[PDB]
């Protein structure tokens, strides 16, 4: 349908729940489901995970992580796989920013989408976006949302990005040029393609992938893209 966006191609970045170029840090009772990785920084950029190398040195494991951890300085083929994943993330970021069909809704709410119910589609802002009260994304199992945000993205403390109607987090893409900050005890749905950092404050929940071209920081946070 002429109003139904096509899903952004994450390529092999879709194999990661957290992918970052400059670091992934955690404190507190964090729990991550899925694979994590950093490149081109070394595994020193993953902090707080209590990592243990597999004897192969192609991956590491953490009691916090149901999945595997990868880094640019692990054993082949991991460095090449991590370079390809970060290139696919960069390609997806640029592609998500550049989608022109379906034609976008532009500057909605001057960036404040609190209280709104958003149909599937392309939404574009020259400003940041703020979510100071719940926003609902209402649509079916395969419907797509693409959010194109020229500045920051903020979800306030205790606030939810709600899904209704069959909408799935896997089909939601947030392209953010500035920092994405998820407030304490907040719940976010969707994939975040950040040009800079993704920051989860104490107790935040991400249902989706954190794909950052700087760092991802977790504070007693829950991250899963199941």
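Numbering follows the first chain given and starts at 1.
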Between 60 to 68 and 189 to 197, which has the larger average Cα B-factor in the PDB entry?
60 to 68
Stretch with the higher entry mean CA B-factor, where the candidates are 180 to 188 and 51 to 59
51 to 59
Among 156, 94, 100, 148, where is the Cα temperature factor highest, going by the PDB entry?
100
Third assignment of residue 162 from its chain's C-alpha B-factors
middle
Residue 2's Cα B-factor: lowest, middle or highest third of the chain?
highest
Ranked against its chain, the third holding the CA B-factor of residue 121
lowest
Among the chain's modelled residues, which third holds the C-alpha B-factor of residue 85?
lowest
When the modelled residues of the chain are sorted by Cα temperature factor, does residue 45 land in the lowest, middle or highest third?
highest
